[PDB]
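A quick write-up on the structure given underneath.
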Amino acid sequence: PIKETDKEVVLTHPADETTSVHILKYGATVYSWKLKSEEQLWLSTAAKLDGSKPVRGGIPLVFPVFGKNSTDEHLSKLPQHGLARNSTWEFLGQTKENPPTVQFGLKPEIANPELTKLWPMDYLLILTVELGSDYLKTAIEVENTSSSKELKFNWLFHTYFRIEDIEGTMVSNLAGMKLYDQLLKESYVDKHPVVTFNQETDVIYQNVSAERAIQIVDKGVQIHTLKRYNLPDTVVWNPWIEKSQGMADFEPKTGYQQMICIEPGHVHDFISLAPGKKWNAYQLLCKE
Ligand SMILES: O=P(O)(O)OC[C@H]1O[C@](O)(CO)[C@@H](O)[C@H]1O
Ligand SMILES: [Ba+2]
């Protein structure tokens, strides 16, 4: 079933109503995904869900810029991670009952007014969210609705996976891939057979195709599987102790122990879309 309220849309799977996803209209932000009653995503206990600021947890949507830009006249004007997660999207309706599937839209006319004034480029975004019995798919289409100007942008899904204990967690299937390390400010090949975590981690892997599934492992069990289409980059992030302590909406302060962000996107460079052209991609979460 599909249920809309003033603030959000909630999908529940017809075959098992304890499998669900909650999507806040603000940012079209998925903030809970339960698989047979078990929460898959991390959400801060101090996360704002009231539209006052972006949600600390779930799946914030990052567009038209990842991180902070300082090289482009217009993109440099925006706050870190852009304006999609700061805007209230329109619920466009359901498109399927089983699997329950719904769409959200964004265009400048309904976006964050302040940020739209700073980056007055034309676009249409359509997010499609599909809740399967054992997966969650979040798909995006971007259309350049300008008749004259190119549209230049990044796209990333800022997925917060929920885990039991960060220090017991490993991430597999990134061995031998090139990354840019946002902390060390250098690029190198990951020579470790799996990714492990014992300090702040902020890295951007490159050249991940539709064929490469990334697995999150704990006690020899695959607790999450991430697949994507048309998003060659993967940000892997955990703020660790000090950065968690510094984020006012991040609670509890030990909560970095229960999250890992594995974020598929197109962020290594900008996509440029000619007038009237479209780009699309998706993230597919499951538990293989
Ligand atoms: O606090 P936010 O603007 O949501 O950003 C959170 C994180 O996003 C990243 O750029 C990648 O996850 C990190 O460096 C960290 O800043
Ligand atoms: Ba940062």
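Residue 2 is where the sequence shown starts when you use the authors' numbering, and the numbers rise one by one after that.
Idealized CB from N, CA, C, for every residue including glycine.
In the DSSP assignment, find the unbroken beta strand (DSSP E) run with residue i in it and report its ends.
i, result
"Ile127", "125-132"
"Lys118", "No beta strand (DSSP E) holds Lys118; the alpha helix (DSSP H) holding it covers 114-119."
"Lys4", "3-5"
From which residue to which residue does the alpha helix (DSSP H) around residue i run?
i, result
"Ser245", "241-247"
Please state the DSSP three-state secondary structure of residue i.
i, result
"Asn208", "coil"
"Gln81", "coil"
"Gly169", "helix"
"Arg163", "strand"
"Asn87", "helix"
"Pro100", "coil"
"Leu76", "helix"
"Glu110", "helix"
"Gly58", "strand"
For the candidate residues the options, whose alpha-carbon lies nearest to that of residue i?
i, options, result
"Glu18", "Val222, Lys35, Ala29, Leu93", "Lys35"
"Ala140", "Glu115, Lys179, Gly68, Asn231", "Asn231"
"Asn199", "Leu152, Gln258, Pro276, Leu107", "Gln258"
"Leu25", "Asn87, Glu40, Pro15", "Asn87"
"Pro109", "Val103, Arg229, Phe64", "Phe64"
"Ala249", "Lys37, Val56, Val10", "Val56"
"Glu165", "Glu115, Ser38, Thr255, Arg213", "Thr255"
"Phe67", "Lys279, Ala176, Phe158, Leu286", "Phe158"
"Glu5", "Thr30, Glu289, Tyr161, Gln95", "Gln95"
"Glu98", "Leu76, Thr72, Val130, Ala85", "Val130"
"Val209", "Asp219, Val195, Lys228", "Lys228"
"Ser188", "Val195, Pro194, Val196, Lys179", "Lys179"
"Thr102", "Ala85, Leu12, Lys69", "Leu12"
What does DSSP give as the partner residue(s) for residue i in the beta ladder?
i, result
"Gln223", "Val218"
"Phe64", "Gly83"
"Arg229", "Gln284"
"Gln258", "Paired residues: none, contrary to the question."
"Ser21", "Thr13, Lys35"
"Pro265", "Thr235"
Touch test, the region 77-92 against the region 116-134, Cβ-Cβ under 8 Å, three pairs minimum: Because the criterion of three Cβ pairs below 8 Å is met, the region 77-92 and the region 116-134 touch.
At a cut of 8 Å, does the region 230-238 reach the region 271-278 through at least three beta carbon pairs? The answer is no - the region 271-278 does not touch the region 230-238, with fewer than three Cβ pairs under 8 Å.
Spell out a yes or no on whether the region 196-215 and the region 241-249 are touching, meaning 3 or more CB-CB pairs, one atom from each, closer than 8 Å. At 8 Å Cβ cutoff, the stretches touch.
For the 8 Å Cβ check, are there 3 or more pairs between the region 144-154 and the region 43-55? No, because fewer than three Cβ pairs between the region 144-154 and the region 43-55 fall closer than 8 Å, the two stretches do not touch.
If we count Cβ pairs, one from each stretch, closer than 8 Å, do we get three or more for the region 203-218 versus the region 180-188? The region 203-218 vs the region 180-188: in contact.
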